[PDB]
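K.L.:
Shown below is the structure under consideration.
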Amino acid sequence: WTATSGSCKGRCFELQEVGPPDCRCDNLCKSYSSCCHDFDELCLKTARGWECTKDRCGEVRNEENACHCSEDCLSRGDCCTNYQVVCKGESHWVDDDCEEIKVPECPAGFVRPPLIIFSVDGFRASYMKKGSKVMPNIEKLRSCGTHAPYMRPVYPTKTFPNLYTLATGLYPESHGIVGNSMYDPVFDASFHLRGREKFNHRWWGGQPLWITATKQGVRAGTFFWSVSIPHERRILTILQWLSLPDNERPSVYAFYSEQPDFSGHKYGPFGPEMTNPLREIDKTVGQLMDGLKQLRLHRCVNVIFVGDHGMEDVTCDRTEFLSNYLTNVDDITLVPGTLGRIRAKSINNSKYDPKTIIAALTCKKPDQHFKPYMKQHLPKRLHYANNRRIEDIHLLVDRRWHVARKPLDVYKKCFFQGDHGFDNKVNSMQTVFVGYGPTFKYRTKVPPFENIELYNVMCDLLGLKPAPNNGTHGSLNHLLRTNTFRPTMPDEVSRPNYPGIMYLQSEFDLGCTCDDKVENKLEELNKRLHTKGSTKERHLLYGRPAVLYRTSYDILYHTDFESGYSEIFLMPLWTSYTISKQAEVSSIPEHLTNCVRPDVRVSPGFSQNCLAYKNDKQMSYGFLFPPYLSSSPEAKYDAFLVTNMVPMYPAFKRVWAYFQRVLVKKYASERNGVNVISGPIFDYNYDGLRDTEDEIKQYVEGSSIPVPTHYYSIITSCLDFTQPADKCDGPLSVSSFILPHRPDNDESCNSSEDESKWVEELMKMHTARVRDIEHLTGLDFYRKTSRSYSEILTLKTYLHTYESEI
Ligand SMILES: *[C@@H]1O[C@H](CO)[C@@H](O[C@@H]2O[C@H](CO)[C@@H](O[C@@H]3O[C@H](CO[C@H]4O[C@H](CO)[C@@H](O)[C@H](O[C@H]5O[C@H](CO)[C@@H](O)[C@H](O)[C@@H]5O[C@H]5O[C@H](CO)[C@@H](O)[C@H](O)[C@@H]5O)[C@@H]4O)[C@@H](O)[C@H](O[C@H]4O[C@H](CO)[C@@H](O)[C@H](O)[C@@H]4O[C@H]4O[C@H](CO)[C@@H](O)[C@H](O)[C@@H]4O)[C@@H]3O)[C@H](O)[C@H]2NC(C)=O)[C@H](O)[C@H]1NC(C)=O
Ligand SMILES: O=C(c1cnc(OCC(F)(F)F)c(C2CC2)c1)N1C[C@@H]2[C@H](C1)[C@H]1CN(C(=O)c3ccc4[nH]nnc4c3)C[C@@H]21
Ligand SMILES: [Ca+2]
Ligand SMILES: [Ca+2]
Ligand SMILES: [Cl-]
Ligand code: NA
Ligand code: NA
Ligand SMILES: [Zn+2]
């Protein structure tokens with residue numbers, strides 16, 4: 001109930017909410033069916049429009065007008081945004097040359113530069129260049145402020161997940177808004193676009209910027225606006241809030257445009273009907289900046305112009321129907337569109353089987369435009385698994401396509417020409433970032449980054465301490481003139497042991513054999529030095545990774561590679577080696593095909609054994625440092641140590657072998673040497689975080705050899721490729737992957753063909769940030785470089801995406 005009999009007189013766009021049954025006058029009352037009877041009349045005036053005309057100047061104040069051109073309007077804080085231009089001979093903000101804002105220039109009483117978050121729905125990254133002629137205001141912000149060529153949204157590239165990620169710095173899986181539509185089995189409730197359930201606080205996890213601000217004593221404008229409140233009125237409301245007395249006035253504001261998303265859906269990303277919405281958004285920005293200039297705030301306020309995702313061409317004729325694949329199409333519930341999520345229609349159906357559903361959707365048609373996954377098998381970079389609202393079965397839909405259950409659903413529920421939601425690496429889904437103000441840099445271009453990073457920065461801009469989030473704080477310092485956050489390296493938790501030769505060959509009973517009994521103080525002093533780490537400055541370029549958790553492990557040195565060998569997991573946590581441009585690929589000699597050698601520095605009890613692999617009919621093994629890249633026939637013996645060995649399904653050995661024999665060399669050629677760090681990842685609960693040993697669900701049969709869910713590699717070289725990887729004087733260049741360790745290659749529909757037609761495509765799909773590997777291993781890389789820590793944090797958040805140019 002709401003007793004809508006109260007009045008909004010003096011309460012228009014009040015900042016604190018009132019609880020029913022008192023009627024409301026805040027910018028969300030419409031949405032709650034709760035405004036006072038007189039809201040429209042007092043708060044939503046329209047009389048005479050939004051602009052001063054020549055014959056309104058000096059007018060007698062008339063309260064019925066949407067905005068005023070009267071002489072007392074500046075003091076009352078309610079002039080039309082163009083007042084000074086029409087009536088006081090002023091120029092528009094867009095006509096003024098930009099001049100660096102070296103320090104905030106604010107009125108007395110302003111404790112901090114305010115922040116205005118101007119968010120635009122569906123604003124595709126390429127609009128910055130392609131629409132540039134019709135967006136003079138936005139282009140001024142862009143070229144005079146700090147901008148990125150594009151910003152990477154989170155997956156799914158939908159509205160609520162992205163807007164709430166902007167607000168919290170969290171992945172949807174952590175914030176809980178995992179789509180525009182959800183079922184929560186624990187609540188037994190559904191979240192929809194239309195309806196009252198989405199208003200319930202229980203959907204919304206983490207801590208959005210407005211709450212963070214409020215708790216730390218920074219006052220926040222109410223972020224949201226009911227759809228019917230026109231853009232011009234939202235702008236005038238923010239500007240009014242900005243005239244409030246010091247003690248009442250918020251420091252952080254939000255504006256949201258439904259455009260250009262709304263039109264994009266109807267007309268496609270580049271439909272000729274798209275020019276007008278872009279003009280209109282530019283006009284709104286024009287008004288904001290003109291209104292800031294009026295109040296002397298245009299060199300005080302930090303402005304963020306930010307989109308949530310792009311927009312792609314998508315028509316009804318590009319729809320895949322699950323009814324062309326499943327016989328049982330009525331036993332399932334599908335969340336449809338640009339992603340698919342499937343669950344059983346009924347919990348009381350024990351004949352429902354996800355395994356047979358996936359198989360029925362796997363590589364069934366030649367140009368099939370989606371790919372089924374169990375959620376834990378999705379590329380780790382999407383971070384889309386660790387929430388009970390995300391269904392076990394997911395469909396990654398090709399760009400430009402939809403997935404639906406039955407044809408009836410499409411024609412009884414073509415209209416649309418645009419949609420979004422696809423993989424967050426897709427170019428058409430990329431969106432925009434611009435920061436403009438005293439705290440942002442002047443005329444600075446920064447590299448693409450992910451929207452999860454912004455929460456931290458907005459906290460920095462307001463002097464706030466961010467709640468724990470998925471950003472890497474300091475990784476965006478290069479956007480800021482001041483307010484940078486100076487992080488320190490996490491402290492190493494476990495120090496390594498440096499074992500010497502401690503065991504005799506005969507103490508080992510591992511069922512391994514090697515034809516290594518083929519036998520000089522010249523070459524014996526040499527190999528001693530190698531085992532003590534003589535070549536370590538070659539193979540370990542950035543220092544050893546720090547172990548950030550309590551464990552027991554050994555550093556092992558070799559001519560060609562160095563490892564951190566875990567006595568707990570019986571394999572290295574990491575293996576580091578450098579391949580120079582000149583390096584030579586060689587084969588495993590015939591006599592050594594099945595060679596595994598005990599490591600006389602590591603006890604039998606902390607070693608794997610060959611018997612368990614023999615007995616395990618499903619599981620074979622591979623090596624972290626590849627035998628193919630051994631620097632000499634004698635050095636090759638090192639690569640067969642039981643301590644370089646890791647469990648691999650024969651299916652995955654196909655991927656691994658090709659990576660080690662063909663791809664490392666190719667990258668070394670193209671990048672002028674590469675440093676490689678490779679290792680296992682255990683993420684059995686798919687939380688993105690290193691599993692503890694009691695979380696492992698699979699061992700090589702008969703043993704305590706744990707089976708990785710994934711294998712990673714981090715591939716570093718010199719950004720200036722005229723310098724060899726091992727002699728780099730400046731910034732680095734990185735790409736990484738986290739390959740799922742699967743018993744089949746069902747993921748790649750081409751896998752019965754030669755590795756050269758599918759392996760690299762799969763690796764690219766599973767591209768990763770070094771930071772993703774950090775979370776998954778509890779390791780901290782790049783500890784010893786000559787680079788600043790902020791620059792290294794940026795490097796660690798880099799994602800190599802393999803999309804062409806935007
Ligand atoms: C990205 O960033 C985020 C944010 O930093 C990272 O997420 C954090 O990771 C931590 C480790 O997983 C986790 O810490 C746990 O907290 C548990 C209680 O937490 C509550 O309070 C916090 C703080 O206010 C709150 O944020 C939480 O909110 C979650 O849940 C609510 C309600 O369901 C949601 O609305 C909200 O969206 C959020 O959901 C997400 O997180 C939860 C995990 O908490 C997931 O289950 C969801 O799917 C969703 O993704 C909570 O309200 C606490 O119970 C844990 O403590 C257990 O384990 C520790 C080990 O140290 C041990 O000391 C304790 O004994 C305890 O064990 C007991 O419970 C076990 C399991 O039930 C049981 O086996 C035992 O026998 C014991 O009984 C733990 O400390 C932290 O909550 C989240 N925070 C967020 C916001 O998600 C995330 O990891 C980052 N991602 C990457 C890739 O880096
Ligand atoms: O009011 C906020 C808000 C505005 N700003 C916000 O945050 C700004 C900030 F991130 F900067 F903080 C947030 C936060 C998510 C809560 C919400 N809104 C109002 C609209 C839009 C965001 C939501 C999504 N809706 C839709 O109808 C919709 C829109 C486009 C679509 N394309 N395809 N399907 C679509 C469905 C309903 C809601
Ligand atoms: Ca959107
Ligand atoms: Ca885990
Ligand atoms: Cl969704
Ligand atoms: Na085997
Ligand atoms: Na296959
Ligand atoms: Zn949309």
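Identifiers in this document derive from the order of the structure tokens: chains are assigned A, B, ..., residues are numbered from 1 separately in each chain, and ligands are numbered from 1 in order of occurrence.
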Pull the strand (DSSP E) assignments for segment 734-772 of chain A out of DSSP run on the backbone, and list those residues as a PyMOL selection string.

P.N.:
chain A and resi 734-740+767-768

K.L.:
Just want the 8 Å neighbourhood of residue 759 of chain A, counted on only C-alpha atoms, with same-chain residues fewer than 3 positions away dropped. Output as a JSON list (two decimals) with N, CA and C atoms, in the first residue's frame.

P.N.:
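That gives us result.json:
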```
[["chain", "number", "residue", "atom", "x", "y", "z"],
["A", 655, "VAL", "N", 46.92, -31.97, -28.26],
["A", 655, "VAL", "CA", 46.96, -30.50, -28.15],
["A", 655, "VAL", "C", 48.33, -30.06, -27.65],
["A", 658, "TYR", "N", 51.49, -30.59, -30.01],
["A", 658, "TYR", "CA", 51.49, -29.65, -31.11],
["A", 658, "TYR", "C", 51.89, -28.27, -30.62],
["A", 659, "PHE", "N", 51.41, -27.89, -29.43],
["A", 659, "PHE", "CA", 51.83, -26.64, -28.82],
["A", 659, "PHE", "C", 53.35, -26.64, -28.62],
["A", 751, "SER", "N", 38.58, -32.02, -34.96],
["A", 751, "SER", "CA", 39.73, -32.67, -34.30],
["A", 751, "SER", "C", 40.21, -33.98, -34.93],
["A", 755, "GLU", "N", 46.38, -31.68, -36.48],
["A", 755, "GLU", "CA", 46.50, -30.68, -35.42],
["A", 755, "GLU", "C", 46.64, -29.24, -35.93],
["A", 756, "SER", "N", 47.26, -29.08, -37.10],
["A", 756, "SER", "CA", 47.44, -27.76, -37.71],
["A", 756, "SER", "C", 46.14, -27.09, -38.19],
["A", 762, "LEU", "N", 41.68, -23.66, -30.88],
["A", 762, "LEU", "CA", 41.26, -23.99, -29.53],
["A", 762, "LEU", "C", 42.04, -23.19, -28.47],
["A", 763, "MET", "N", 43.35, -23.08, -28.67],
["A", 763, "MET", "CA", 44.19, -22.30, -27.78],
["A", 763, "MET", "C", 43.75, -20.84, -27.71]]
```

K.L.:
So what do you get for atom CA of residue 203 of chain A versus atom CA of residue 476 of chain A, distance-wise?

P.N.:
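Taking atom CA of residue 203 of chain A as the start and atom CA of residue 476 of chain A as the end point, the length is 29.1 Å.
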
K.L.:
Select the residues contacting ligand 3 at a distance of at most 8 Å, based on only C-alpha atoms and all ligand atoms, then format the selection as a short mmCIF file (atom, residue, chain, number, x, y, z; two decimals) with C-alpha atoms, in the first residue's frame.

P.N.:
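New file result_23.cif:
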```
data_model
loop_
_atom_site.label_atom_id
_atom_site.label_comp_id
_atom_site.auth_asym_id
_atom_site.auth_seq_id
_atom_site.Cartn_x
_atom_site.Cartn_y
_atom_site.Cartn_z
CA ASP A 121 23.41 1.48 -23.39
CA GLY A 122 24.61 -0.43 -26.45
CA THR A 157 27.33 -8.92 -22.95
CA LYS A 158 23.86 -8.03 -21.63
CA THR A 159 22.63 -4.86 -19.79
CA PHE A 160 22.10 -5.76 -16.17
CA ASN A 162 27.38 -5.21 -17.33
CA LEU A 163 25.80 -2.23 -15.54
CA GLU A 258 18.62 3.77 -23.08
CA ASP A 261 20.72 0.28 -27.59
CA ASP A 308 27.86 -1.34 -21.15
CA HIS A 309 28.37 -3.37 -24.43
#
```

K.L.:
Output the neighbourhood of ligand 2 as number ranges by chain, that is, all protein and nucleic acid residues with some atom at most 7 Å from the ligand, counting only C-alpha atoms and all ligand atoms.

P.N.:
A: 117, 119, 121, 158-160, 163-167, 180, 193, 209, 223-227, 254-256, 258, 261-262, 419

K.L.:
In Å, with one decimal, what is the gap from atom CA of residue 754 of chain A to atom CA of residue 649 of chain A?

P.N.:
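Separation of atom CA of residue 754 of chain A and atom CA of residue 649 of chain A: 17.8 Å.
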
K.L.:
What do you get as an MDAnalysis selection string if you pick all residues at most 8 Å from ligand 6, counting only C-alpha atoms and all ligand atoms?

P.N.:
chainID A and resid 612:621

K.L.:
For the selection you just gave me, I'd like the residues written to a file as a compact mmCIF listing (two decimals), in the first residue's frame, keeping N, CA and C atoms.

P.N.:
```txt
# COMPACT_ATOMS: atom_id res chain seq x y z
N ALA A 612 51.50 -46.49 -12.07
CA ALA A 612 50.15 -45.91 -12.01
C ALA A 612 49.64 -45.47 -13.40
N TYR A 613 50.52 -44.91 -14.23
CA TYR A 613 50.18 -44.59 -15.61
C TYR A 613 49.91 -45.82 -16.47
N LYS A 614 50.71 -46.86 -16.27
CA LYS A 614 50.52 -48.14 -16.96
C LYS A 614 49.14 -48.74 -16.60
N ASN A 615 48.86 -48.84 -15.30
CA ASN A 615 47.58 -49.35 -14.80
C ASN A 615 46.37 -48.49 -15.16
N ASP A 616 46.56 -47.17 -15.20
CA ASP A 616 45.47 -46.26 -15.58
C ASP A 616 45.29 -46.26 -17.08
N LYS A 617 44.22 -46.94 -17.49
CA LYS A 617 43.89 -47.14 -18.89
C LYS A 617 43.46 -45.86 -19.62
N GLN A 618 42.91 -44.90 -18.87
CA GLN A 618 42.45 -43.61 -19.42
C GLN A 618 43.57 -42.53 -19.46
N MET A 619 44.53 -42.64 -18.55
CA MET A 619 45.47 -41.55 -18.33
C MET A 619 46.86 -41.88 -18.84
N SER A 620 47.43 -40.99 -19.65
CA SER A 620 48.84 -41.08 -20.05
C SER A 620 49.57 -39.88 -19.43
N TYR A 621 50.70 -39.46 -19.99
CA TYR A 621 51.49 -38.39 -19.38
C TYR A 621 52.24 -37.57 -20.41
```

K.L.:
Name the residues, by chain letter and number, that sit within 10 Å of ligand 1 using only C-alpha atoms and all ligand atoms, and give them as a PDB file with C-alpha atoms, in the first residue's frame.

P.N.:
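File out_30.pdb, as written:
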```pdb
ATOM      1  CA  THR A 168      30.742  -3.324  -8.275  1.00  0.00           C
ATOM      2  CA  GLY A 169      34.017  -4.348 -10.017  1.00  0.00           C
ATOM      3  CA  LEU A 170      32.725  -7.961  -9.878  1.00  0.00           C
ATOM      4  CA  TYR A 171      32.170 -10.770 -12.400  1.00  0.00           C
ATOM      5  CA  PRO A 172      28.430 -11.579 -12.806  1.00  0.00           C
ATOM      6  CA  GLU A 173      29.076 -15.012 -11.237  1.00  0.00           C
ATOM      7  CA  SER A 174      30.129 -13.142  -8.058  1.00  0.00           C
ATOM      8  CA  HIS A 175      27.577 -10.267  -8.163  1.00  0.00           C
ATOM      9  CA  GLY A 176      24.680 -12.606  -8.980  1.00  0.00           C
ATOM     10  CA  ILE A 177      23.165 -10.804 -11.938  1.00  0.00           C
ATOM     11  CA  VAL A 178      24.211 -13.513 -14.441  1.00  0.00           C
ATOM     12  CA  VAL A 186      17.448 -21.933  -3.609  1.00  0.00           C
ATOM     13  CA  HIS A 201      17.563  -6.930  -2.825  1.00  0.00           C
ATOM     14  CA  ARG A 202      18.389 -10.667  -2.631  1.00  0.00           C
ATOM     15  CA  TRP A 203      19.424 -10.770  -6.310  1.00  0.00           C
ATOM     16  CA  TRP A 204      22.034  -8.064  -5.902  1.00  0.00           C
ATOM     17  CA  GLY A 205      25.327  -9.229  -4.405  1.00  0.00           C
ATOM     18  CA  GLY A 206      28.586  -7.407  -3.629  1.00  0.00           C
ATOM     19  CA  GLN A 207      28.725  -3.694  -2.883  1.00  0.00           C
ATOM     20  CA  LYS A 380      38.141 -19.604 -17.975  1.00  0.00           C
ATOM     21  CA  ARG A 381      38.389 -15.973 -19.206  1.00  0.00           C
ATOM     22  CA  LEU A 382      34.574 -15.623 -19.179  1.00  0.00           C
ATOM     23  CA  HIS A 383      34.521 -16.401 -15.483  1.00  0.00           C
ATOM     24  CA  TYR A 384      30.963 -17.750 -15.968  1.00  0.00           C
ATOM     25  CA  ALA A 385      30.336 -20.805 -13.761  1.00  0.00           C
ATOM     26  CA  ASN A 386      30.444 -20.239  -9.973  1.00  0.00           C
ATOM     27  CA  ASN A 387      26.804 -19.305  -9.350  1.00  0.00           C
ATOM     28  CA  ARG A 388      23.730 -21.476  -8.730  1.00  0.00           C
ATOM     29  CA  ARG A 389      21.777 -19.237 -11.173  1.00  0.00           C
ATOM     30  CA  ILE A 390      24.021 -20.199 -14.079  1.00  0.00           C
ATOM     31  CA  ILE A 452      35.689  -4.864 -14.032  1.00  0.00           C
ATOM     32  CA  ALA A 467      35.106  -3.310  -1.332  1.00  0.00           C
ATOM     33  CA  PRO A 468      36.871  -6.586  -2.281  1.00  0.00           C
ATOM     34  CA  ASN A 469      36.402  -6.972  -6.060  1.00  0.00           C
ATOM     35  CA  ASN A 470      37.732  -8.523  -9.343  1.00  0.00           C
ATOM     36  CA  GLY A 471      39.697  -5.507 -10.541  1.00  0.00           C
ATOM     37  CA  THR A 472      43.442  -5.430 -10.028  1.00  0.00           C
ATOM     38  CA  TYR A 686      35.159 -24.016 -10.903  1.00  0.00           C
ATOM     39  CA  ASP A 687      35.501 -20.975  -8.614  1.00  0.00           C
ATOM     40  CA  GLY A 688      38.452 -19.468 -10.558  1.00  0.00           C
ATOM     41  CA  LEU A 689      40.662 -20.120  -7.550  1.00  0.00           C
ATOM     42  CA  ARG A 690      43.435 -22.551  -6.700  1.00  0.00           C
ATOM     43  CA  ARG A 771      46.015 -12.553 -13.607  1.00  0.00           C
ATOM     44  CA  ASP A 772      43.500 -15.346 -14.367  1.00  0.00           C
ATOM     45  CA  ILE A 773      46.372 -17.828 -13.888  1.00  0.00           C
ATOM     46  CA  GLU A 774      47.400 -16.097 -10.680  1.00  0.00           C
ATOM     47  CA  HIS A 775      43.935 -16.651  -9.124  1.00  0.00           C
ATOM     48  CA  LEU A 776      43.967 -20.308 -10.273  1.00  0.00           C
TER      49      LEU A 776
END
```

K.L.:
Within 9 Å of ligand 5, counting only C-alpha atoms and all ligand atoms: which residues, as a ChimeraX atom specification?

P.N.:
/A:156-158,160-161,178-182,335-341,421

K.L.:
What does the list of residues within 9 Å of ligand 7 look like if you count only C-alpha atoms and all ligand atoms, written as a PyMOL selection string?

P.N.:
chain A and resi 362-363+744-753
